[PDB]
C-alpha cells in the first residue's frame, strides 16, 4: 500500500502512541526522541541529561485512507496547542508540541492546518512546524507501553480516537 509518515510531538508518547494505534488507516506508530542535540539518546539522556529531544511518535499511515490533514485533525483533538513545554502534568522541552516532516512540501500544508486551528483558540498556538532533524526509536519497553501496561499513565483519553472525523 501507499504509506506516508509524519512525526508528532504531543507530550508523553505513551498516550499519544496508544491513541494513534486505534485509528483505522494508521499502520504503525513508533515512539522516539526527535530534534535533539545528540544522536542515539536513551530515555535517561533525554529526561535527565538535557539532550533537548522531544518525545515524538512516528506515525505511518495508509495514504489511500488518511490524508496528512486527517492525521493533523486527530492530533489537534487530544493535544493542547497553546501550552509551551507542557502537556497535562508533564513539564519540560521533551513534552513540547510539534509536527516534524521529511518532505519540504508538507510545511505549507501543516502551517495552513495550524492557521485554521487557531480560529478555535483565543490563546496563540505554539506548536512547532519544522523539518525532522533527527529521530531515534525509544527503548522496547516504551513501545506499545499502554498495551503492555493497561493501567499505565496517560494524559490522553485514548477512547477519543474512535470519534469519526467531521
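Positions refer to the first chain, counted from 1.
Taking only CA atoms, the mean B-factor in the PDB entry is higher for 85-93 than for the other of 85-93 and 72-80. The deposited model assigns a higher average Cα B-factor to 156-164 than to the other stretch when 3-11 and 156-164 are compared.
Across 136, 141, 100, 121, the greatest Cα temperature factor reported in the deposited entry is at 141. Among 110, 132, 66, 59, the highest C-alpha B-factor in the deposited entry belongs to 66.
In the PDB entry, a CA B factor belonging to the middle third of its chain's modelled residues is recorded for residue 18. Split the chain's modelled residues into thirds by C-alpha temperature factor. Residue 49 is in the middle one.
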